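To be precise, the following lines are run-v3.txt, and they hold compact mmCIF, C-alpha atoms.
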```txt
# COMPACT_ATOMS: atom_id res chain seq x y z
CA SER A 1 24.00 30.48 27.40
CA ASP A 2 24.60 27.30 29.42
CA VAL A 3 22.94 24.01 28.61
CA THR A 4 21.04 22.48 31.52
CA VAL A 5 20.75 18.70 31.28
CA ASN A 6 18.08 17.49 33.68
CA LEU A 7 18.74 13.82 34.19
CA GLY A 8 15.61 13.57 36.31
CA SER A 9 13.24 14.66 33.57
CA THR A 10 12.59 11.93 31.02
CA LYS A 11 11.09 12.19 27.54
CA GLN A 12 10.48 9.39 25.01
CA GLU A 13 12.14 5.97 25.27
CA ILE A 14 14.75 5.23 22.61
CA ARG A 15 14.04 2.19 20.46
CA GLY A 16 17.19 2.63 18.36
CA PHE A 17 18.79 3.81 15.13
CA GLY A 18 19.66 2.00 11.93
CA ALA A 19 19.35 1.69 8.17
CA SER A 20 17.86 -0.54 5.49
CA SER A 21 19.14 -3.60 3.60
CA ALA A 22 16.42 -3.14 0.91
CA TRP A 23 17.69 -4.01 -2.58
CA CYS A 24 21.20 -4.65 -1.16
CA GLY A 25 21.08 -8.35 -1.97
CA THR A 26 23.10 -10.23 0.64
CA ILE A 27 25.20 -7.71 2.56
CA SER A 28 28.73 -8.84 3.58
CA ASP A 29 29.78 -9.59 7.15
CA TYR A 30 32.29 -6.77 6.69
CA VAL A 31 29.65 -4.11 6.10
CA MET A 32 27.24 -5.41 8.78
CA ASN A 33 30.15 -5.63 11.27
CA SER A 34 31.12 -2.04 10.53
CA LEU A 35 27.56 -0.70 10.81
CA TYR A 36 26.01 -3.02 13.38
CA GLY A 37 29.13 -3.75 15.43
CA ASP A 38 31.50 -0.76 15.19
CA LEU A 39 28.82 1.94 14.89
CA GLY A 40 26.33 0.00 17.01
CA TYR A 41 23.26 0.32 14.75
CA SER A 42 20.34 -1.18 16.70
CA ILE A 43 17.66 -1.48 13.97
CA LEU A 44 17.59 -3.01 10.46
CA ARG A 45 14.82 -2.50 7.91
CA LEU A 46 14.18 -5.28 5.35
CA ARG A 47 12.28 -4.89 2.11
CA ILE A 48 9.75 -7.69 1.53
CA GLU A 49 10.48 -9.04 -1.94
CA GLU A 50 7.28 -9.44 -4.02
CA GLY A 51 9.33 -11.04 -6.79
CA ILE A 52 8.42 -14.26 -4.97
CA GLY A 53 5.03 -13.97 -6.67
CA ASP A 54 2.62 -16.69 -5.53
CA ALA A 55 5.39 -19.12 -4.54
CA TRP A 56 4.94 -18.10 -0.91
CA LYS A 57 1.72 -20.13 -0.92
CA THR A 58 3.70 -23.32 -1.62
CA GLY A 59 6.45 -22.50 0.88
CA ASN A 60 9.34 -21.77 -1.44
CA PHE A 61 10.96 -18.81 0.30
CA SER A 62 14.32 -18.73 -1.51
CA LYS A 63 13.70 -15.21 -2.84
CA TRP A 64 13.40 -14.07 0.77
CA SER A 65 16.75 -15.62 1.74
CA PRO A 66 18.94 -12.55 1.06
CA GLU A 67 16.98 -10.46 3.57
CA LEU A 68 16.94 -13.38 6.02
CA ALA A 69 20.76 -13.35 5.88
CA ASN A 70 20.78 -9.58 6.47
CA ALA A 71 18.39 -10.01 9.39
CA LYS A 72 20.59 -12.70 10.95
CA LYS A 73 23.68 -10.46 10.81
CA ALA A 74 21.86 -7.51 12.38
CA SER A 75 20.31 -9.72 15.07
CA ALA A 76 23.63 -11.26 16.06
CA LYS A 77 24.74 -7.68 16.83
CA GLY A 78 21.71 -7.03 19.02
CA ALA A 79 19.63 -5.06 16.48
CA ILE A 80 15.92 -5.56 16.07
CA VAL A 81 14.52 -6.07 12.57
CA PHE A 82 11.42 -4.86 10.75
CA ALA A 83 10.13 -5.23 7.19
CA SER A 84 8.23 -3.00 4.71
CA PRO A 85 6.49 -4.01 1.40
CA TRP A 86 6.49 -1.74 -1.70
CA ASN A 87 4.00 -3.99 -3.50
CA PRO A 88 2.10 -7.14 -2.83
CA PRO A 89 2.57 -10.04 -5.29
CA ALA A 90 1.42 -9.07 -8.78
CA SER A 91 -1.62 -11.39 -8.58
CA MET A 92 -3.10 -9.32 -5.73
CA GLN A 93 -2.88 -5.99 -7.64
CA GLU A 94 -5.29 -4.24 -9.97
CA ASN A 95 -5.16 -1.10 -12.05
CA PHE A 96 -7.50 1.73 -11.26
CA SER A 97 -8.02 5.18 -12.70
CA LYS A 98 -6.38 7.77 -10.43
CA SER A 99 -7.48 11.20 -11.64
CA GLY A 100 -7.38 10.17 -15.29
CA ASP A 101 -4.29 7.94 -15.02
CA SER A 102 -5.22 4.30 -15.69
CA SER A 103 -1.75 2.98 -14.89
CA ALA A 104 -2.14 3.37 -11.11
CA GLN A 105 -1.94 0.16 -9.08
CA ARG A 106 -3.68 -0.79 -5.84
CA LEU A 107 -4.26 -3.94 -3.77
CA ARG A 108 -7.50 -5.60 -4.85
CA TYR A 109 -10.14 -5.22 -2.10
CA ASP A 110 -10.91 -8.94 -2.45
CA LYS A 111 -7.19 -9.59 -1.72
CA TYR A 112 -6.92 -7.87 1.66
CA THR A 113 -7.26 -11.25 3.44
CA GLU A 114 -4.68 -12.92 1.19
CA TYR A 115 -2.37 -9.95 1.72
CA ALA A 116 -2.52 -10.37 5.51
CA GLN A 117 -1.67 -14.08 4.99
CA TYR A 118 1.23 -13.02 2.79
CA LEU A 119 2.52 -10.67 5.47
CA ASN A 120 2.05 -13.48 8.01
CA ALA A 121 4.06 -15.82 5.80
CA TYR A 122 7.02 -13.41 5.84
CA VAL A 123 6.84 -13.20 9.62
CA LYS A 124 6.70 -17.01 9.90
CA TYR A 125 9.59 -17.59 7.46
CA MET A 126 11.69 -15.25 9.58
CA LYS A 127 10.53 -16.95 12.80
CA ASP A 128 11.22 -20.48 11.52
CA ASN A 129 14.71 -19.27 10.60
CA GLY A 130 15.51 -17.77 13.99
CA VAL A 131 14.64 -14.11 13.49
CA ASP A 132 11.69 -12.79 15.45
CA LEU A 133 10.59 -9.77 13.42
CA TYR A 134 10.00 -6.74 15.62
CA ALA A 135 7.30 -5.30 13.34
CA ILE A 136 5.94 -5.52 9.81
CA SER A 137 4.60 -2.60 7.73
CA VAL A 138 1.39 -2.58 5.68
CA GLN A 139 2.81 -0.40 2.90
CA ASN A 140 5.82 1.76 2.03
CA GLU A 141 4.71 5.30 1.01
CA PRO A 142 1.11 4.42 0.11
CA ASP A 143 0.73 8.16 -0.60
CA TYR A 144 3.54 8.55 -3.09
CA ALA A 145 2.84 5.44 -5.12
CA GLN A 146 3.12 6.29 -8.79
CA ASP A 147 5.85 3.61 -9.12
CA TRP A 148 4.39 1.12 -6.60
CA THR A 149 1.04 0.29 -4.88
CA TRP A 150 -1.32 3.19 -3.81
CA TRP A 151 -3.56 3.19 -0.73
CA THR A 152 -5.89 6.05 0.13
CA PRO A 153 -6.11 6.96 3.80
CA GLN A 154 -9.47 5.15 3.78
CA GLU A 155 -8.03 2.01 2.19
CA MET A 156 -5.27 1.90 4.82
CA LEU A 157 -7.95 2.40 7.52
CA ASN A 158 -10.03 -0.50 6.17
CA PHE A 159 -7.06 -2.89 6.31
CA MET A 160 -6.03 -1.65 9.75
CA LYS A 161 -9.55 -2.30 11.15
CA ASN A 162 -10.51 -5.53 9.38
CA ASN A 163 -7.23 -7.23 8.53
CA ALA A 164 -4.21 -6.07 10.54
CA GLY A 165 -5.44 -7.64 13.79
CA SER A 166 -4.77 -11.09 12.31
CA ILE A 167 -1.08 -10.30 11.81
CA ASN A 168 1.26 -12.40 13.98
CA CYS A 169 3.65 -9.54 14.66
CA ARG A 170 3.63 -5.84 15.63
CA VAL A 171 2.02 -3.78 12.85
CA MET A 172 3.62 -0.64 11.45
CA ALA A 173 1.75 1.95 9.41
CA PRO A 174 1.32 4.15 7.22
CA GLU A 175 4.92 5.17 6.28
CA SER A 176 3.77 8.33 4.50
CA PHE A 177 6.56 9.71 2.32
CA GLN A 178 6.35 13.07 4.13
CA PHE A 179 4.68 12.20 7.47
CA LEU A 180 1.45 13.58 6.03
CA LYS A 181 -1.01 13.39 8.91
CA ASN A 182 -3.98 12.72 6.66
CA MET A 183 -2.52 9.27 6.05
CA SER A 184 -2.35 8.35 9.79
CA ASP A 185 -5.19 10.38 11.31
CA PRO A 186 -7.88 7.85 10.47
CA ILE A 187 -5.94 5.08 12.26
CA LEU A 188 -5.43 7.20 15.39
CA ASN A 189 -9.11 8.27 15.47
CA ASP A 190 -10.45 4.75 15.20
CA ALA A 191 -10.31 2.65 18.34
CA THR A 192 -10.00 -0.66 16.47
CA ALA A 193 -7.40 0.55 13.97
CA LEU A 194 -5.42 2.15 16.79
CA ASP A 195 -5.47 -1.18 18.67
CA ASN A 196 -4.12 -2.89 15.58
CA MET A 197 -1.27 -0.35 15.19
CA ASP A 198 1.92 -0.87 17.19
CA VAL A 199 4.35 1.50 15.47
CA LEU A 200 3.44 4.66 13.57
CA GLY A 201 6.09 4.84 10.83
CA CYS A 202 6.76 7.93 8.74
CA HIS A 203 9.30 9.23 6.22
CA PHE A 204 11.03 12.64 6.09
CA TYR A 205 11.09 13.56 2.43
CA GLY A 206 10.09 17.22 2.52
CA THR A 207 8.80 17.28 6.14
CA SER A 208 9.30 20.68 7.79
CA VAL A 209 10.49 20.78 11.42
CA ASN A 210 7.11 21.93 12.79
CA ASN A 211 5.47 19.00 10.96
CA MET A 212 7.67 16.56 12.85
CA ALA A 213 5.50 17.11 15.95
CA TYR A 214 2.26 15.12 15.95
CA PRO A 215 -0.14 16.20 18.72
CA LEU A 216 -2.84 13.66 17.84
CA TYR A 217 -0.36 10.78 18.03
CA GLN A 218 0.94 12.05 21.38
CA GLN A 219 -2.56 12.09 22.81
CA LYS A 220 -3.10 8.58 21.32
CA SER A 221 0.41 7.27 22.08
CA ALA A 222 -0.20 4.92 25.04
CA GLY A 223 1.39 1.56 24.18
CA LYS A 224 2.58 2.86 20.79
CA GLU A 225 5.82 3.95 19.17
CA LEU A 226 6.64 6.57 16.55
CA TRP A 227 9.60 5.97 14.20
CA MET A 228 11.02 7.85 11.26
CA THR A 229 11.60 4.78 9.07
CA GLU A 230 13.28 6.11 5.91
CA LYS A 231 15.42 9.09 4.93
CA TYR A 232 18.59 9.53 2.91
CA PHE A 233 20.93 12.42 2.21
CA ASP A 234 22.74 12.81 -1.09
CA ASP A 235 26.42 12.79 -0.18
CA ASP A 236 29.17 13.53 2.33
CA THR A 237 29.62 17.26 1.66
CA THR A 238 29.57 19.32 4.87
CA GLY A 239 26.16 20.87 4.09
CA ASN A 240 24.56 17.39 4.06
CA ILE A 241 26.53 16.22 7.08
CA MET A 242 24.96 19.20 8.93
CA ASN A 243 21.54 18.75 7.33
CA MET A 244 21.54 15.13 8.48
CA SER A 245 22.93 15.84 11.98
CA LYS A 246 20.29 18.52 12.51
CA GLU A 247 17.34 16.44 11.23
CA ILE A 248 18.08 13.55 13.58
CA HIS A 249 18.21 16.09 16.41
CA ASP A 250 14.85 17.50 15.25
CA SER A 251 13.30 14.00 15.05
CA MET A 252 14.39 13.42 18.67
CA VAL A 253 13.62 16.86 20.11
CA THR A 254 10.68 18.28 18.13
CA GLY A 255 9.42 14.88 16.92
CA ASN A 256 9.89 13.00 20.21
CA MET A 257 10.44 9.98 18.01
CA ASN A 258 11.53 6.61 19.35
CA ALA A 259 13.74 5.77 16.36
CA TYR A 260 15.41 7.25 13.26
CA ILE A 261 16.16 4.78 10.46
CA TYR A 262 18.24 5.67 7.40
CA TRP A 263 17.47 4.44 3.88
CA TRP A 264 19.49 1.70 2.12
CA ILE A 265 23.04 0.66 2.90
CA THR A 266 25.32 -0.12 0.02
CA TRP A 267 24.47 2.65 -2.41
CA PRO A 268 26.01 6.08 -3.22
CA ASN A 269 23.17 7.91 -1.41
CA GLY A 270 23.45 5.14 1.16
CA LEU A 271 26.00 4.52 3.93
CA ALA A 272 28.62 2.19 2.44
CA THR A 273 30.00 0.50 -0.63
CA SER A 274 29.53 -3.21 -0.98
CA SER A 275 33.33 -3.72 -0.71
CA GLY A 276 33.18 -2.27 2.81
CA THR A 277 33.94 1.46 2.53
CA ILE A 278 31.92 3.43 5.15
CA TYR A 279 30.61 6.93 4.34
CA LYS A 280 30.76 9.94 6.62
CA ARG A 281 26.95 9.91 6.83
CA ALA A 282 27.17 6.50 8.53
CA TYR A 283 29.25 8.07 11.31
CA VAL A 284 26.78 10.96 11.67
CA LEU A 285 24.10 8.35 12.46
CA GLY A 286 26.60 6.50 14.66
CA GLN A 287 27.02 9.56 16.91
CA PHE A 288 23.50 8.57 17.96
CA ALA A 289 23.33 4.79 17.43
CA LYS A 290 26.54 3.74 19.09
CA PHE A 291 26.00 5.60 22.34
CA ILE A 292 22.23 5.79 22.82
CA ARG A 293 21.25 2.18 23.33
CA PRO A 294 17.78 0.69 23.04
CA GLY A 295 16.00 1.37 26.33
CA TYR A 296 17.69 4.71 27.01
CA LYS A 297 15.39 7.67 27.41
CA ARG A 298 15.74 11.18 26.10
CA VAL A 299 15.91 13.70 28.93
CA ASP A 300 15.37 17.47 29.08
CA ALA A 301 18.27 19.57 27.87
CA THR A 302 18.48 23.17 26.72
CA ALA A 303 17.96 22.53 23.00
CA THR A 304 19.31 25.65 21.27
CA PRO A 305 21.79 27.29 23.71
CA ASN A 306 23.37 29.47 21.03
CA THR A 307 23.02 30.36 17.37
CA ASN A 308 23.53 27.26 15.20
CA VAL A 309 24.04 25.03 18.25
CA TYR A 310 21.61 22.16 18.77
CA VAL A 311 21.73 19.89 21.79
CA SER A 312 19.89 16.79 23.01
CA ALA A 313 20.58 14.44 25.92
CA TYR A 314 19.79 10.84 26.95
CA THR A 315 20.28 8.45 29.89
CA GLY A 316 20.28 4.73 30.60
CA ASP A 317 22.54 1.91 31.83
CA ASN A 318 24.05 4.34 34.39
CA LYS A 319 25.38 6.49 31.56
CA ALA A 320 24.65 10.04 30.35
CA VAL A 321 24.81 10.99 26.66
CA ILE A 322 24.85 14.54 25.19
CA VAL A 323 24.81 15.12 21.44
CA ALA A 324 25.82 18.65 20.49
CA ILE A 325 25.77 19.89 16.90
CA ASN A 326 27.47 23.13 15.80
CA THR A 327 26.34 24.13 12.28
CA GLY A 328 28.33 27.37 12.53
CA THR A 329 31.49 27.99 10.52
CA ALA A 330 33.48 28.78 13.66
CA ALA A 331 34.25 26.68 16.73
CA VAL A 332 32.31 27.72 19.84
CA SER A 333 32.72 26.86 23.52
CA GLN A 334 29.63 25.38 25.21
CA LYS A 335 29.06 24.95 28.95
CA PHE A 336 26.92 22.05 30.13
CA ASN A 337 25.30 21.63 33.58
CA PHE A 338 23.87 18.39 34.98
CA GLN A 339 20.96 18.58 37.36
CA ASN A 340 19.29 15.78 39.29
CA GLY A 341 22.44 13.71 38.83
CA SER A 342 26.01 14.02 37.58
CA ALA A 343 29.04 12.42 35.94
CA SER A 344 32.62 12.01 37.11
CA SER A 345 33.85 12.85 33.63
CA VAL A 346 33.01 12.35 29.95
CA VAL A 347 34.69 11.27 26.72
CA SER A 348 33.78 12.70 23.34
CA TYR A 349 33.52 11.50 19.77
CA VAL A 350 33.34 13.91 16.86
CA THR A 351 32.28 13.86 13.22
CA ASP A 352 33.16 16.78 10.93
CA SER A 353 34.85 17.42 7.56
CA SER A 354 38.04 15.57 8.64
CA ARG A 355 36.75 13.24 11.33
CA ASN A 356 34.52 10.18 11.55
CA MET A 357 33.33 9.53 15.10
CA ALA A 358 36.95 10.25 16.14
CA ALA A 359 37.84 10.01 19.84
CA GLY A 360 37.76 13.45 21.39
CA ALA A 361 39.09 15.18 24.47
CA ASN A 362 38.44 13.51 27.83
CA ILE A 363 36.81 16.20 29.98
CA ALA A 364 36.57 16.46 33.78
CA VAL A 365 33.13 17.20 35.23
CA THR A 366 33.34 19.61 38.16
CA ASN A 367 30.39 20.54 40.38
CA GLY A 368 28.06 18.95 37.83
CA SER A 369 29.54 21.11 35.05
CA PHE A 370 31.90 20.83 32.07
CA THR A 371 32.83 23.07 29.15
CA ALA A 372 33.74 21.86 25.67
CA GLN A 373 34.85 23.27 22.33
CA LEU A 374 32.40 22.38 19.55
CA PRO A 375 34.26 22.49 16.21
CA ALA A 376 32.78 24.38 13.23
CA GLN A 377 30.18 22.33 11.35
CA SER A 378 30.51 19.29 13.61
CA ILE A 379 28.47 16.85 15.63
CA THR A 380 29.91 15.74 18.96
CA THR A 381 28.66 13.05 21.32
CA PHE A 382 29.78 13.22 24.95
CA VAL A 383 29.46 10.09 27.09
CA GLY A 384 29.99 9.76 30.84
CA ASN A 385 29.15 7.64 33.86
CA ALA A 386 26.04 8.93 35.65
```

Output the structure of this file as structure tokens.
Amino acid sequence: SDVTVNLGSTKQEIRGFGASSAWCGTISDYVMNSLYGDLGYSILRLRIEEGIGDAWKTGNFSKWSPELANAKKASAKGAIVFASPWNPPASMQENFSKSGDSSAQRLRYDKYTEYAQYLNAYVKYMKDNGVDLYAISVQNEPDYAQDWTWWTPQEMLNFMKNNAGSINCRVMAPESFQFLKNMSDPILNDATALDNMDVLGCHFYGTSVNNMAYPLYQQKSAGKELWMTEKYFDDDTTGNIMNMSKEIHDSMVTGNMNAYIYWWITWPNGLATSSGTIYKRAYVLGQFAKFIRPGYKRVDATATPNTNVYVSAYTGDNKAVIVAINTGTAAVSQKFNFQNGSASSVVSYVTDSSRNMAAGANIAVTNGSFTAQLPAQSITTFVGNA
């Protein structure tokens, strides 16, 4: 069946695509130039380093300098930058007994004010150094915390109502490890908390496709954004290339998300080595990042035109973008039809077992239509002038 791309019917606005510099120390220009320049990543996620301890109170920020350097490289390439904490400084924590386990850690209730000042100090350090942070997160995975700081949904709510309004930046929350709605529902159902939330962040570890849709957020979404802020895939084998291609599609199409941000950069389950090698997974994300620029909008496109074929489409800057994934083991031809606009022609870029965002066949668009071969187990991005 044909794919109909309706350029006149717009869906969510695209904030961007990116990865994280968390625990990467100071990333090289080489790696940032490859990811942020060549592949056009538009978002970088910093980890806020609690190893600073209380020294933030006296203004010695040196332990925050590696992520400042990362932020500056991303920004120079036009990316925005946000930051997530795994823990506050040790002095703000306390143990508590979590179902018989006395080792669990949480933020002291009497520290919520100090913690907001801490978050504000990170924002200001970045600002004084030339990086205006796009958003800052209350906690990374407050609901899978055994190795970090726990927050119940109610604890997160309390901070979001009473504290988060004093933060000098956009506020992101909750970053549930699986996008568990019980973690974000209290924020969305409280008028004050909702006011204090700019970006609803979530992670994909174990999230089923149907659970990527969030009706309550959609009904509450005026003035807000929804980002998938962390996911990784194990390696570059074709199964994971397809798993990753398909999930980004699902985050865009079923999730209606504004952004999809990969986990950390120079690591084996990451996108690169520190000496500048770039993994196939980086190019999978680039099929999105490079061509769908911040400010583009998703538009309606027939999403599953054939077995194992998944398609989404986007417009902006007088360009049309179609991302077509074929998870099948055989190449298939796919016909595409533009409505409410058209393109003179398109160029393609393909990632598969042998190719990394490789230039594809230039294709003429006739009567608003073009047909393409989609290789077996491949993701292809077509770009044309609208």

List as a PDB file with C-alpha atoms, in the coordinates of the input: which residues have an atom within 10 Å of (16.9, -13.4, 2.3), counting only C-alpha atoms?
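Result went into result_15.pdb, see below:
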```pdb
ATOM      1  CA  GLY A  25      21.080  -8.350  -1.970  1.00  0.00           C
ATOM      2  CA  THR A  26      23.100 -10.230   0.640  1.00  0.00           C
ATOM      3  CA  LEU A  46      14.180  -5.280   5.350  1.00  0.00           C
ATOM      4  CA  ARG A  47      12.280  -4.890   2.110  1.00  0.00           C
ATOM      5  CA  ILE A  48       9.750  -7.690   1.530  1.00  0.00           C
ATOM      6  CA  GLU A  49      10.480  -9.040  -1.940  1.00  0.00           C
ATOM      7  CA  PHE A  61      10.960 -18.810   0.300  1.00  0.00           C
ATOM      8  CA  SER A  62      14.320 -18.730  -1.510  1.00  0.00           C
ATOM      9  CA  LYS A  63      13.700 -15.210  -2.840  1.00  0.00           C
ATOM     10  CA  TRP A  64      13.400 -14.070   0.770  1.00  0.00           C
ATOM     11  CA  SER A  65      16.750 -15.620   1.740  1.00  0.00           C
ATOM     12  CA  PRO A  66      18.940 -12.550   1.060  1.00  0.00           C
ATOM     13  CA  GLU A  67      16.980 -10.460   3.570  1.00  0.00           C
ATOM     14  CA  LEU A  68      16.940 -13.380   6.020  1.00  0.00           C
ATOM     15  CA  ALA A  69      20.760 -13.350   5.880  1.00  0.00           C
ATOM     16  CA  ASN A  70      20.780  -9.580   6.470  1.00  0.00           C
ATOM     17  CA  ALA A  71      18.390 -10.010   9.390  1.00  0.00           C
ATOM     18  CA  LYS A  72      20.590 -12.700  10.950  1.00  0.00           C
ATOM     19  CA  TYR A 125       9.590 -17.590   7.460  1.00  0.00           C
ATOM     20  CA  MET A 126      11.690 -15.250   9.580  1.00  0.00           C
TER      21      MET A 126
END
```

Length of the atom CA of residue 386 of chain A to atom CA of residue 247 of chain A vector [Å]
27.0 Å

Point out the residue among A:242, A:188, A:202, A:309 with the least atom-to-atom distance to residue 227 of chain A, counting all atoms listed in the file.
A:202

Within 6 Å of (20.0, -0.6, 21.6), in the coordinates the file gives, what residues turn up when you count all atoms listed in the file, written out as a ChimeraX atom specification?
/A:16,42,293-294

Quote the spacing between atom CA of residue 285 of chain A and atom CA of residue 259 of chain A in Å to one decimal place.
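So the two atoms, atom CA of residue 285 of chain A and atom CA of residue 259 of chain A, lie 11.4 Å apart.
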
Find the residues around residue 378 of chain A up to 6 Å (all atoms listed in the file counted), leave out those fewer than 2 positions away in its own chain, and share them as number ranges by chain.
A: 325-326, 351-352, 375-376

Write out as a list in words which residues come within 9 Å of residue 261 of chain A when counting all atoms listed in the file, dropping same-chain ones fewer than 3 positions away.
residues 16, 17, 18, 19, 20, 43, 44, 45, 227, 228, 229, 230, 231 and 285 of chain A

Keeping only C-alpha atoms, write those residues as an mmCIF file, keeping the file's coordinate frame.
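part_5.cif, written as the output of this step:
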```cif
data_model
loop_
_atom_site.group_PDB
_atom_site.id
_atom_site.type_symbol
_atom_site.label_atom_id
_atom_site.label_comp_id
_atom_site.auth_asym_id
_atom_site.auth_seq_id
_atom_site.Cartn_x
_atom_site.Cartn_y
_atom_site.Cartn_z
ATOM 1 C CA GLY A 16 17.190 2.630 18.360
ATOM 2 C CA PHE A 17 18.790 3.810 15.130
ATOM 3 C CA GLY A 18 19.660 2.000 11.930
ATOM 4 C CA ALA A 19 19.350 1.690 8.170
ATOM 5 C CA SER A 20 17.860 -0.540 5.490
ATOM 6 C CA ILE A 43 17.660 -1.480 13.970
ATOM 7 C CA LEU A 44 17.590 -3.010 10.460
ATOM 8 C CA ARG A 45 14.820 -2.500 7.910
ATOM 9 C CA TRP A 227 9.600 5.970 14.200
ATOM 10 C CA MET A 228 11.020 7.850 11.260
ATOM 11 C CA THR A 229 11.600 4.780 9.070
ATOM 12 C CA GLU A 230 13.280 6.110 5.910
ATOM 13 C CA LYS A 231 15.420 9.090 4.930
ATOM 14 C CA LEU A 285 24.100 8.350 12.460
#
```

Please list as number ranges by chain every residue within 10 Å of residue 148 of chain A, counting only C-alpha atoms and excluding residues in the same chain fewer than 5 positions away.
A: 85-88, 104-106, 139-143

Now that the selection is made, can you save its residues with C-alpha atoms as an mmCIF file, in the coordinates of the input?
```
data_model
loop_
_atom_site.group_PDB
_atom_site.id
_atom_site.type_symbol
_atom_site.label_atom_id
_atom_site.label_comp_id
_atom_site.auth_asym_id
_atom_site.auth_seq_id
_atom_site.Cartn_x
_atom_site.Cartn_y
_atom_site.Cartn_z
ATOM 1 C CA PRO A 85 6.490 -4.010 1.400
ATOM 2 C CA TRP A 86 6.490 -1.740 -1.700
ATOM 3 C CA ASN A 87 4.000 -3.990 -3.500
ATOM 4 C CA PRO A 88 2.100 -7.140 -2.830
ATOM 5 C CA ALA A 104 -2.140 3.370 -11.110
ATOM 6 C CA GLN A 105 -1.940 0.160 -9.080
ATOM 7 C CA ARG A 106 -3.680 -0.790 -5.840
ATOM 8 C CA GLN A 139 2.810 -0.400 2.900
ATOM 9 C CA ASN A 140 5.820 1.760 2.030
ATOM 10 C CA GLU A 141 4.710 5.300 1.010
ATOM 11 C CA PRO A 142 1.110 4.420 0.110
ATOM 12 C CA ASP A 143 0.730 8.160 -0.600
#
```

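Put simply, atom CA of residue 338 of chain A is 19.0 Å away from atom CA of residue 12 of chain A.
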
Which residues, written as a PyMOL selection string, have at least one atom at most 6 Å from residue 310 of chain A, with all atoms listed in the file counted and residues fewer than 3 positions away on the same chain left out?
chain A and resi 303-304+324-325

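Distance annotation: of A:215, A:255, A:268, A:78, the residue with the minimal separation from residue 232 of chain A is A:268; atom set is only C-alpha atoms.
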
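Once residue 133 of chain A and its same-chain neighbours fewer than 6 positions away are set aside, residues 46, 71, 75, 80, 81, 82, 83, 122, 123, 124, 125, 126, 127, 168, 169 and 170 of chain A remain within 10 Å of it when counting all atoms listed in the file.
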
Among the residues A:157, A:226, A:5, A:131, the one that comes closest to residue 258 of chain A [using only C-alpha atoms]:
A:226

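Minimum atom-to-atom distance to residue 37 of chain A, evaluated using all atoms listed in the file, belongs to A:73 out of A:281, A:73, A:335, A:15.
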
Could you give me, as JSON lines, every segment 187-260 of chain A residue with an atom at most 9 Å from segment 353-357 of chain A, plus its closest atom pair and distance in Å to one decimal, counting all atoms listed in the file, rows ordered by chain then number?
```
{"residue": "A:236", "atom": "CA", "partner": "A:353", "partner_atom": "CA", "distance": 8.6}
{"residue": "A:237", "atom": "CA", "partner": "A:353", "partner_atom": "CA", "distance": 7.9}
{"residue": "A:238", "atom": "CA", "partner": "A:353", "partner_atom": "CA", "distance": 6.2}
{"residue": "A:241", "atom": "CA", "partner": "A:353", "partner_atom": "CA", "distance": 8.4}
```

Here is a test: counting all atoms listed in the file, which residue of A:341, A:286, A:295, A:316 is nearest to residue 381 of chain A?
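Result for the nearest residue to residue 381 of chain A: A:286.
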
Using all atoms listed in the file, which of A:221, A:171, A:263, A:151 sits nearest residue 203 of chain A?
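The shortest atom-to-atom distance to residue 203 of chain A comes from A:263.
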
Each side padded by 3 Å, which centre and which edge lengths in Å (one decimal) define the axis-aligned box around the listed atoms of segment 120-131 of chain A? Give them as AutoDock Vina command-line options.
```
--center_x 8.8 --center_y -16.8 --center_z 9.9 --size_x 19.5 --size_y 13.3 --size_z 14.2
```
